[PDB]
Structures are given as structure tokens and as C-alpha cells.
Amino acid sequence: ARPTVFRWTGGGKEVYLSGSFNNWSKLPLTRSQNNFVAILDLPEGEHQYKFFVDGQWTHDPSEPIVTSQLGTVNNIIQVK
Ligand SMILES: OC[C@H]1O[C@@H]2O[C@H]3[C@H](O)[C@@H](O)[C@@H](O[C@H]4[C@H](O)[C@@H](O)[C@@H](O[C@H]5[C@H](O)[C@@H](O)[C@@H](O[C@H]6[C@H](O)[C@@H](O)[C@@H](O[C@H]7[C@H](O)[C@@H](O)[C@@H](O[C@H]8[C@H](O)[C@@H](O)[C@@H](O[C@H]1[C@H](O)[C@H]2O)O[C@@H]8CO)O[C@@H]7CO)O[C@@H]6CO)O[C@@H]5CO)O[C@@H]4CO)O[C@@H]3CO
């Protein structure tokens, strides 16, 4: 059982993490270096997420994405 590192390297000033794991609320990320990071204990399974970056909903382009039932694009983590 192992925590998941969320690391936004896309730049910006104020970044929050949102996802199924927090009912799409906003977790403010702490800036380390030029990046923004959180560590979450996510259980086994699938978890959709997105970033809110300087007032804009945004996904990480390097990471897996899926289209939601809302027609919106989320990143996705799968924990074994
Ligand atoms: O809030 C939870 C939600 O968070 C994240 O979503 C954000 C998203 O990432 C941002 O991009 C932005 O969304 C904007 C979007 O980009 C714009 O295109 C626009 O959206 C309009 C739609 O394009 C338009 O089609 C219409 O939408 C209607 C749907 O088509 C219709 O199906 C229905 O939608 C309902 C869903 O079918 C149902 O499943 C349920 O939706 C839930 C999602 O399935 C679930 O994943 C989660 O959603 C996340 C999302 O995945 C994240 O990316 O919870 C959802 C809510 O419970 O309920 C839907 C109805 O609530 O009805 C809609 C509305 O008629 O209109 C929309 C509005 O114009 O506008 C967006 C800006 O608001 O922001 C969202 C956060 O709001």
C-alpha cells in the first residue's frame, strides 16, 4: 500500500488538485522549486483528477486522460 505523488510541472502561480477522491473540491498545492506537489494515500483502484491553475481547469498533457460523462477531460491514476 503506497501513496501517490501529484506533481504539476506546467508552471503558474496558484495550483489546486481536484478529483474523485475529494469530490472535485480544491486541494491547494504547495510550491516546491518551480513545481507544485501533493502526496495522497489513494486506495487500490482508479482515480480521476484534474488541476485548477490560475483560474483554469487544466489536465497534465503527459499523463493518461479520459473523457468524463460530463464531456470533460480528466487525468487518471490506477493504483494496483
Ligand atoms: O464538478 C465536478 C466535475 O469537475 C470537473 O469538471 C470541470 C471541467 O473539467 C472543466 O472543464 C469545466 O467544465 C466546463 C466544460 O469544459 C464546458 O464544456 C462546459 O460544460 C458544459 C457541457 O459541455 C455541456 O455539454 C453541458 O453539459 C451537460 C451534460 O452534457 C449532460 O450530460 C449533463 O451532465 C451531467 C452528467 O451527464 C452526469 O454524469 C453528472 O456529471 C458528473 C460527472 O460525470 C463527474 O465526472 C463529475 O464531474 C467532474 C468532472 O469530471 C471534472 O472534470 O461530477 C459531475 C457533476 O455531478 O452530472 C452532470 C450535470 O451536473 O448536464 C450537463 C449540464 O447541462 O453543459 C455544461 C455546462 O455549460 O462548462 C464547464 C464549466 O462549468 O468545469 C467543470 C466543473 O464544473
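These residue numbers are counts, starting from 1, taken along the chain as shown.
We read in the header that X-ray crystallography, 1.7 Å was used to get this structure.
Using the three backbone atoms N, Cα and C, a Cβ is placed for every residue, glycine included.
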From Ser18, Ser32, pick the one Swiss-Prot annotates as phosphoserine?
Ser32
Report which of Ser25, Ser68 appears in Swiss-Prot with the annotation phosphoserine.
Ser25
Taking DSSP three-state, what's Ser32 (phosphoserine) in: helix, strand or coil?
strand
Around the Cβ of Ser25 (phosphoserine), the count of other Cβ atoms that are within 10 Å:
10
Let's check the environment of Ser20 (phosphoserine): how many other CB atoms sit within 10 Å of its CB?
16
In the structure shown, which of the modified residues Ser32, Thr72 has the fewest other Cβ atoms within 10 Å?
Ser32
